[PDB]
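Novice: Below: one structure in structure tokens.
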4 protein chains.
Amino acid sequence: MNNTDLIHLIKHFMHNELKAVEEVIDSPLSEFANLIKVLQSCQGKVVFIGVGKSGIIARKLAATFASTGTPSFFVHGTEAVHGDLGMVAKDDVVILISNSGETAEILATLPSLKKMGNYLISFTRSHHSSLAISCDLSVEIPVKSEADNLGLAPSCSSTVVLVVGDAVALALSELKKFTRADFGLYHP
Amino acid sequence: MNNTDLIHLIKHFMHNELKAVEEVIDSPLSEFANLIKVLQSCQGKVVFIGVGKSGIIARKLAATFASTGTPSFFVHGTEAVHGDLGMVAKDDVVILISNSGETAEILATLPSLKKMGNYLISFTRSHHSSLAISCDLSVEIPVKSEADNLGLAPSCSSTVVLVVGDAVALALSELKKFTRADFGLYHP
Amino acid sequence: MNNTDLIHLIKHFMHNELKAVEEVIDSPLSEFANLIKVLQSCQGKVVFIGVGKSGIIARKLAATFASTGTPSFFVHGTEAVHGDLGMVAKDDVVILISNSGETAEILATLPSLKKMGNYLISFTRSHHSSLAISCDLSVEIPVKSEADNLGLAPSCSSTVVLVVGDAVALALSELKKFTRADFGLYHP
Amino acid sequence: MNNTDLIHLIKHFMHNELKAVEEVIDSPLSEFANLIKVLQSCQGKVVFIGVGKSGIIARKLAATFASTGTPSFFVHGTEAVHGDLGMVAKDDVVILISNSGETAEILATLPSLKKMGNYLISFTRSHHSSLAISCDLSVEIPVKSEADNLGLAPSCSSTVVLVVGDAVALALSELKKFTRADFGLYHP
């Protein structure tokens with residue numbers, strides 16, 4: 001493939017990700033106002049749980065939340081059922097990330113988290129998913145297709161969740177009057 | 001803040017990220033053809049090195065490369081200088097991610113990596129940065145501003161690097177004729 | 001080297017680690033009673049901070065604490081100064097692990113943690129170290145030599161810290177009357 | 001509990017870990033000579049796979065191997081079946097760590113790894129375990145009991161695996177004539 005065609009191939013995949021993000025910005029985002037309220041009410045930490053590519057995005061979001069004034073950390077969904085559920089305490093709010101909302105590792109956390117009683121938020125592509133139905137607050141972040149020809153590799157979905165989560169973090173930060181000095185305290 | 005204003009605030013941050021991605025898709029991406037060639041020539045693993053938010057994106061990109069047929073793994077930039085440079089062997093190609101190209105932890109890897117002799121690629125916002133000048137192939141991914149009012153929190157920059165890296169992965173994958181069956185082997 | 005000599009070489013390194021652990025069990029452990037008291041008083045999470053090999057042991061200890069009824073999580077020492085200090089909130093107690101007590105990344109956390117006001121505990125080989133002197137409670141875990149001929153590779157030191165930390169976790173667990181049913185809740 | 005009794009309680013758990021290590025040093029370690037030979041023959045990377053507490057020890061061992069001259073990295077057992085199996089290439093040797101040798105996440109890697117053809121080594125408590133029987137080389141590291149009263153928390157088992165793995169790393173390092181200068185290259 002010549003250089004101009006290689007460049008056009010790269011831009012094609014980028015453009016597929018851009019379109020997925022546009023789709024979300026153009027949607028009503030009705031449950032987001034409730035999402036902000038629940039997160040503002042959190043007296044503990046916002047605990048993000050995920051596995052696979054969603055799990056790496058969940059790690060970035062926990063870091064971004066914390067660095068911008070919303071105490072947060074990540075628990076890997078497998079490690080959760082090997083003891084790390086002990087990291088979650090009564091005042092913590094839990095955000096579980098799964099694009100399908102069927103990921104077996106994430107569903108496996110739910111019987112314990114129901115017993116523990118924490119408020120559960122899901123980020124998935126469908127309010128009808130198993131995970132979304134089991135949570136207290138389902139946030140639907142629809143994603144039509146992944147960027148590859150067979151639609152198999154998380155690319156549109158992981159990017160959309162990252163953009164949505166970053167914006168939620170920055171809104172919480174602005175609303176709580178987080179300052180340059182507070183940013184400097186955590187990033188010296 | 002009422003519900004419609006909270007929603008508009010969230011969409012504002014999302015839109016700032018969208019614009020940064022658009023800026024990159026609209027640019028020439030001249031060095032990308034060379035980037036693809038170097039990565040296709042790799043007989044070892046593509047080793048991604050980063051710290052902070054770039055480092056979490058570098059972890060996602062290594063996973064995406066591997067899952068789509070380009071053997072790759074992540075080495076945290078601090079851990080690298082505590083021994084993990086031993087993970088990098090002669091045939092490995094190294095991609096070092098730093099938005100400023102001045103991150104002290106990333107620069108600290110360079111005297112050893114020069115002695116080790118591996119081909120070094122940087123992803124930074126400026127060909128003039130310290131990191132870009134020390135690498136064999138500098139890839140410039142400019143980012144005008146972060147999405148927050150003070151421009152302090154990686155949001156536009158981490159998202160742009162993610163989109164660019166995903167597209168590079170998917171192009172390498174398509175070019176090497178990676179199949180549904182190969183995807184299934186690594187994702188059973 | 002023949003098989004019997006290879007086996008004796010492996011046992012030699014194992015034996016060097018065993019001796020370092022014995023040295024600690026034979027010591028007074030005077031400050032451990034105070035350590036238990038501080039950890040029992042924690043109303044938040046026990047936050048472990050480390051980098052390099054100490055950092056991986058710190059990750060294991062945070063998991064072991066949590067799985068046995070003491071809410072705890074790990075913050076990497078570099079990531080801490082890139083924003084993750086925002087994970088630590090007023091009621092959290094911090095354990096910083098550094099064998100020398102001079103590790104630059106760990107010392108770099110201290111000006112912010114002093115401003116944030118949390119009670120700081122160090123695990124180091126010397127009460128005279130920079131880290132130990134800056135903390136509220138210094139726990140000295142002396143280690144004479146690493147297991148390799150040049151004494152360079154953390155082996156005796158990382159193992160000793162692991163054994164000491166596991167025992168502290170299991171004592172807190174027994175003292176708080178942690179049950180089989182609670183273990184099952186976090187490990188379903 | 002008074003101070004002298006708290007100290008004796010801590011030393012009791014430490015002593016339980018010490019005894020488990022002694023049990024192993026006193027055993028024949030027959031398959032270790034073969035283990036060294038296979039690891040010396042590796043032309044690629046030694047890839048450690050684990051989850052839970054074994055997985056954190058597997059992360060420490062990969063780092064220790066690399067820092068002492070045996071290129072190695074860690075792949076989490078869950079992430080492996082979400083794509084990270086793509087990190088393992090034909091010349092890589094795989095060490096899978098599971099104390100029971102029945103851990104579901106670790107067994108789930110095996111159909112793909114059999115198709116991929118890599119030489120598989122297991123570290124488990126029993127040659128009869130599912131994992132041990134599926135591997136090319138089973139290394140049995142027996143552990144009678146964990147250190148807690150109910151024998152539930154990995155403590156003796158994770159410590160024994162750490163000591164055994166450190167010694168294997170240091171033996172490979174000595175045998176290949178790894179130097180102070182090479183240590184300094186990876187740890188500058």
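In the structure tokens, chains take the letters A, B, ... in the order shown, each chain's residues start at 1, and ligands count up from 1 in the order shown.
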Skip stretch 122-131 of chain D itself and residues of its chain fewer than 2 positions away, then list as a list in words all residues within 8 Å of it, counting only C-alpha atoms.
Specialist: residues 95, 96, 97, 98, 99, 100, 101, 102, 106, 107, 120, 133, 134, 135, 137, 138, 139, 140, 141, 142, 143 and 161 of chain D
Novice: If we count only C-alpha atoms, what is near stretch 20-22 of chain C at a cut-off of 9 Å, once residues fewer than 5 positions away on the same chain are taken out, given as a PyMOL selection string?
Specialist: (chain C and resi 15+27+142-146+156-157+159-161+163-164) or (chain D and resi 14-15+18)
Novice: Name the closest residue to chain C among the candidates D:184, D:168, D:31, D:110; distances are taken between atoms, counting only C-alpha atoms.
Specialist: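 The shortest atom-to-atom distance to chain C comes from D:168.
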Novice: Which residues of chain B come within 7 Å of chain C, and what is each one's closest atom pair and distance in Å (one decimal), counting only C-alpha atoms, sorted by chain and residue number, as CSV?
Specialist:
residue,atom,partner,partner_atom,distance
B:52,CA,C:82,CA,5.5
B:78,CA,C:78,CA,7.0
B:79,CA,C:52,CA,5.6
B:82,CA,C:52,CA,5.5
Novice: I need the chosen residues saved as a PDB file, in the first residue's frame, with N, CA and C atoms.
Specialist:
ATOM      1  N   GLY B  52       1.789   8.077  34.441  1.00  0.00           N
ATOM      2  CA  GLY B  52       0.595   8.945  34.557  1.00  0.00           C
ATOM      3  C   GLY B  52      -0.481   8.552  33.565  1.00  0.00           C
ATOM      4  N   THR B  78       8.590   4.358  35.357  1.00  0.00           N
ATOM      5  CA  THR B  78       9.342   4.218  36.631  1.00  0.00           C
ATOM      6  C   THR B  78       9.859   2.811  36.833  1.00  0.00           C
ATOM      7  N   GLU B  79       8.989   1.835  36.656  1.00  0.00           N
ATOM      8  CA  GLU B  79       9.435   0.445  36.862  1.00  0.00           C
ATOM      9  C   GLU B  79      10.617   0.106  35.919  1.00  0.00           C
ATOM     10  N   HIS B  82      13.772   0.724  37.499  1.00  0.00           N
ATOM     11  CA  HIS B  82      13.936  -0.187  38.665  1.00  0.00           C
ATOM     12  C   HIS B  82      14.092  -1.630  38.203  1.00  0.00           C
TER      13      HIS B  82
END
Novice: I'd like the interatomic distance between atom CA of residue C:63 and atom CA of residue C:171, to a tenth of an Å.
Specialist: 15.2 Å
Novice: List every residue of stretch 7-137 of chain D that DSSP, applied to the backbone of this structure, places in strand (DSSP E or B), and write the result as a PDB file with C-alpha atoms, in the first residue's frame.
Specialist:
ATOM      1  CA  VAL D  46       9.446 -16.105  30.126  1.00  0.00           C
ATOM      2  CA  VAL D  47       5.770 -15.108  30.431  1.00  0.00           C
ATOM      3  CA  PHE D  48       4.245 -15.481  33.912  1.00  0.00           C
ATOM      4  CA  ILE D  49       0.439 -15.888  34.129  1.00  0.00           C
ATOM      5  CA  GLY D  50      -1.581 -15.764  37.364  1.00  0.00           C
ATOM      6  CA  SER D  72      10.244 -11.892  31.322  1.00  0.00           C
ATOM      7  CA  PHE D  73       6.896 -10.126  31.763  1.00  0.00           C
ATOM      8  CA  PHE D  74       3.507 -10.768  33.402  1.00  0.00           C
ATOM      9  CA  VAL D  75       0.107 -11.419  31.751  1.00  0.00           C
ATOM     10  CA  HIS D  76      -2.893 -11.455  34.052  1.00  0.00           C
ATOM     11  CA  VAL D  93       7.981 -20.078  27.532  1.00  0.00           C
ATOM     12  CA  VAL D  94       4.932 -19.756  29.868  1.00  0.00           C
ATOM     13  CA  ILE D  95       4.875 -20.262  33.641  1.00  0.00           C
ATOM     14  CA  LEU D  96       1.324 -20.512  35.006  1.00  0.00           C
ATOM     15  CA  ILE D  97       1.027 -20.079  38.797  1.00  0.00           C
ATOM     16  CA  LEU D 120       3.992 -24.620  29.498  1.00  0.00           C
ATOM     17  CA  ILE D 121       5.336 -24.832  33.050  1.00  0.00           C
ATOM     18  CA  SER D 122       3.072 -24.926  36.121  1.00  0.00           C
ATOM     19  CA  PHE D 123       3.834 -23.981  39.743  1.00  0.00           C
ATOM     20  CA  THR D 124       1.124 -25.663  41.864  1.00  0.00           C
ATOM     21  CA  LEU D 137       6.595 -29.431  33.045  1.00  0.00           C
TER      22      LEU D 137
END
Novice: Would you return as a PDB file with C-alpha atoms, in the first residue's frame the members of chain B that DSSP assigns to helix (DSSP H, G or I) on this structure's backbone?
Specialist:
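Output file part-v1.pdb follows:
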ATOM      1  CA  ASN B   3     -30.715  19.267  34.613  1.00  0.00           C
ATOM      2  CA  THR B   4     -30.578  20.840  31.161  1.00  0.00           C
ATOM      3  CA  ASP B   5     -27.578  23.010  32.206  1.00  0.00           C
ATOM      4  CA  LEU B   6     -25.719  19.949  33.786  1.00  0.00           C
ATOM      5  CA  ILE B   7     -26.250  18.067  30.475  1.00  0.00           C
ATOM      6  CA  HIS B   8     -24.893  21.027  28.464  1.00  0.00           C
ATOM      7  CA  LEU B   9     -21.871  21.197  30.786  1.00  0.00           C
ATOM      8  CA  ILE B  10     -21.091  17.484  30.203  1.00  0.00           C
ATOM      9  CA  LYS B  11     -21.519  17.881  26.416  1.00  0.00           C
ATOM     10  CA  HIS B  12     -19.173  20.920  26.461  1.00  0.00           C
ATOM     11  CA  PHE B  13     -16.275  18.825  27.814  1.00  0.00           C
ATOM     12  CA  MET B  14     -17.107  15.989  25.359  1.00  0.00           C
ATOM     13  CA  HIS B  15     -17.148  18.453  22.532  1.00  0.00           C
ATOM     14  CA  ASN B  16     -13.697  19.811  23.524  1.00  0.00           C
ATOM     15  CA  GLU B  17     -12.322  16.215  23.224  1.00  0.00           C
ATOM     16  CA  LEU B  18     -14.106  15.706  19.861  1.00  0.00           C
ATOM     17  CA  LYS B  19     -12.538  18.902  18.468  1.00  0.00           C
ATOM     18  CA  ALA B  20      -9.001  17.788  19.494  1.00  0.00           C
ATOM     19  CA  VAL B  21      -9.545  14.484  17.653  1.00  0.00           C
ATOM     20  CA  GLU B  22     -10.897  16.333  14.557  1.00  0.00           C
ATOM     21  CA  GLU B  23      -7.737  18.576  14.556  1.00  0.00           C
ATOM     22  CA  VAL B  24      -5.594  15.462  14.249  1.00  0.00           C
ATOM     23  CA  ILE B  25      -7.712  13.730  11.528  1.00  0.00           C
ATOM     24  CA  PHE B  32       2.631   7.760   9.865  1.00  0.00           C
ATOM     25  CA  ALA B  33       3.586   5.867   6.778  1.00  0.00           C
ATOM     26  CA  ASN B  34       7.141   5.507   8.204  1.00  0.00           C
ATOM     27  CA  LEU B  35       5.633   4.573  11.544  1.00  0.00           C
ATOM     28  CA  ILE B  36       3.674   1.658   9.952  1.00  0.00           C
ATOM     29  CA  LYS B  37       6.785   0.446   8.149  1.00  0.00           C
ATOM     30  CA  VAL B  38       8.943   0.380  11.269  1.00  0.00           C
ATOM     31  CA  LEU B  39       6.186  -1.483  13.199  1.00  0.00           C
ATOM     32  CA  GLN B  40       5.746  -4.033  10.386  1.00  0.00           C
ATOM     33  CA  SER B  41       9.512  -4.664  10.427  1.00  0.00           C
ATOM     34  CA  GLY B  52       0.595   8.945  34.557  1.00  0.00           C
ATOM     35  CA  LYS B  53      -2.430   9.220  32.231  1.00  0.00           C
ATOM     36  CA  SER B  54      -0.293   8.564  29.117  1.00  0.00           C
ATOM     37  CA  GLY B  55       0.901   5.407  30.820  1.00  0.00           C
ATOM     38  CA  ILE B  56      -2.671   4.102  31.260  1.00  0.00           C
ATOM     39  CA  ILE B  57      -3.424   4.868  27.578  1.00  0.00           C
ATOM     40  CA  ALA B  58      -0.064   3.078  26.746  1.00  0.00           C
ATOM     41  CA  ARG B  59      -1.378   0.024  28.653  1.00  0.00           C
ATOM     42  CA  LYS B  60      -4.624   0.054  26.574  1.00  0.00           C
ATOM     43  CA  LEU B  61      -2.628   0.417  23.302  1.00  0.00           C
ATOM     44  CA  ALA B  62      -0.285  -2.470  24.110  1.00  0.00           C
ATOM     45  CA  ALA B  63      -3.366  -4.664  24.807  1.00  0.00           C
ATOM     46  CA  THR B  64      -5.101  -3.538  21.586  1.00  0.00           C
ATOM     47  CA  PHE B  65      -1.954  -4.149  19.505  1.00  0.00           C
ATOM     48  CA  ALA B  66      -1.580  -7.687  20.937  1.00  0.00           C
ATOM     49  CA  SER B  67      -5.267  -8.625  20.616  1.00  0.00           C
ATOM     50  CA  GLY B  77       8.374   4.267  32.925  1.00  0.00           C
ATOM     51  CA  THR B  78       9.342   4.218  36.631  1.00  0.00           C
ATOM     52  CA  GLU B  79       9.435   0.445  36.862  1.00  0.00           C
ATOM     53  CA  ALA B  80      11.709   0.501  33.722  1.00  0.00           C
ATOM     54  CA  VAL B  81      14.515   2.228  35.719  1.00  0.00           C
ATOM     55  CA  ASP B  84      12.051  -3.612  34.044  1.00  0.00           C
ATOM     56  CA  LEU B  85      14.323  -2.332  31.233  1.00  0.00           C
ATOM     57  CA  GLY B  86      15.442  -6.009  31.361  1.00  0.00           C
ATOM     58  CA  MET B  87      12.116  -6.863  29.717  1.00  0.00           C
ATOM     59  CA  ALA B 104      11.218  13.329  33.754  1.00  0.00           C
ATOM     60  CA  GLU B 105      10.487   9.591  34.295  1.00  0.00           C
ATOM     61  CA  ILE B 106      10.376   8.980  30.545  1.00  0.00           C
ATOM     62  CA  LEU B 107      13.602  10.920  29.827  1.00  0.00           C
ATOM     63  CA  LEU B 110      16.811   7.062  27.580  1.00  0.00           C
ATOM     64  CA  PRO B 111      20.519   6.670  28.524  1.00  0.00           C
ATOM     65  CA  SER B 112      19.967   2.876  29.069  1.00  0.00           C
ATOM     66  CA  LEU B 113      17.773   2.452  25.979  1.00  0.00           C
ATOM     67  CA  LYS B 114      20.528   4.165  23.881  1.00  0.00           C
ATOM     68  CA  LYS B 115      23.076   1.654  25.228  1.00  0.00           C
ATOM     69  CA  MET B 116      20.642  -1.240  24.593  1.00  0.00           C
ATOM     70  CA  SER B 130      13.554  16.402  24.551  1.00  0.00           C
ATOM     71  CA  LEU B 131      11.997  12.992  24.068  1.00  0.00           C
ATOM     72  CA  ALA B 132      11.192  13.478  20.379  1.00  0.00           C
ATOM     73  CA  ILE B 133      14.772  14.662  19.661  1.00  0.00           C
ATOM     74  CA  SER B 134      16.244  11.613  21.426  1.00  0.00           C
ATOM     75  CA  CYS B 156      -7.986  15.948  25.071  1.00  0.00           C
ATOM     76  CA  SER B 157      -4.368  14.654  25.011  1.00  0.00           C
ATOM     77  CA  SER B 158      -5.037  11.129  26.411  1.00  0.00           C
ATOM     78  CA  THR B 159      -8.081  10.711  24.132  1.00  0.00           C
ATOM     79  CA  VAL B 160      -6.243  11.841  21.018  1.00  0.00           C
ATOM     80  CA  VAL B 161      -3.347   9.400  21.696  1.00  0.00           C
ATOM     81  CA  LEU B 162      -5.839   6.597  22.260  1.00  0.00           C
ATOM     82  CA  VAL B 163      -7.631   7.241  18.952  1.00  0.00           C
ATOM     83  CA  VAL B 164      -4.352   7.579  17.017  1.00  0.00           C
ATOM     84  CA  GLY B 165      -2.900   4.383  18.580  1.00  0.00           C
ATOM     85  CA  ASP B 166      -6.102   2.342  18.032  1.00  0.00           C
ATOM     86  CA  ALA B 167      -6.034   3.331  14.318  1.00  0.00           C
ATOM     87  CA  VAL B 168      -2.347   2.379  13.975  1.00  0.00           C
ATOM     88  CA  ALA B 169      -3.165  -1.024  15.589  1.00  0.00           C
ATOM     89  CA  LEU B 170      -6.161  -1.631  13.290  1.00  0.00           C
ATOM     90  CA  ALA B 171      -4.184  -0.637  10.182  1.00  0.00           C
ATOM     91  CA  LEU B 172      -1.290  -3.052  11.094  1.00  0.00           C
ATOM     92  CA  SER B 173      -3.938  -5.722  11.735  1.00  0.00           C
ATOM     93  CA  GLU B 174      -5.692  -5.238   8.371  1.00  0.00           C
ATOM     94  CA  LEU B 175      -2.359  -5.065   6.519  1.00  0.00           C
ATOM     95  CA  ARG B 180     -11.692 -13.730  12.865  1.00  0.00           C
ATOM     96  CA  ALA B 181     -10.166 -17.127  13.806  1.00  0.00           C
ATOM     97  CA  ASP B 182      -6.912 -15.407  15.122  1.00  0.00           C
ATOM     98  CA  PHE B 183      -9.088 -12.926  17.110  1.00  0.00           C
ATOM     99  CA  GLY B 184     -10.939 -15.931  18.611  1.00  0.00           C
ATOM    100  CA  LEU B 185      -7.660 -17.680  19.549  1.00  0.00           C
ATOM    101  CA  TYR B 186      -6.649 -14.712  21.746  1.00  0.00           C
TER     102      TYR B 186
END
Novice: Which value, in Å to one decimal, gives the distance between atom CA of residue C:103 and atom CA of residue B:88?
Specialist: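 About the pair atom CA of residue C:103 and atom CA of residue B:88: they are 23.7 Å apart.
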Novice: Could you jot down the atom CA of residue A:45 to atom CA of residue A:109 separation for me, Å, one decimal place?
Specialist: 17.8 Å
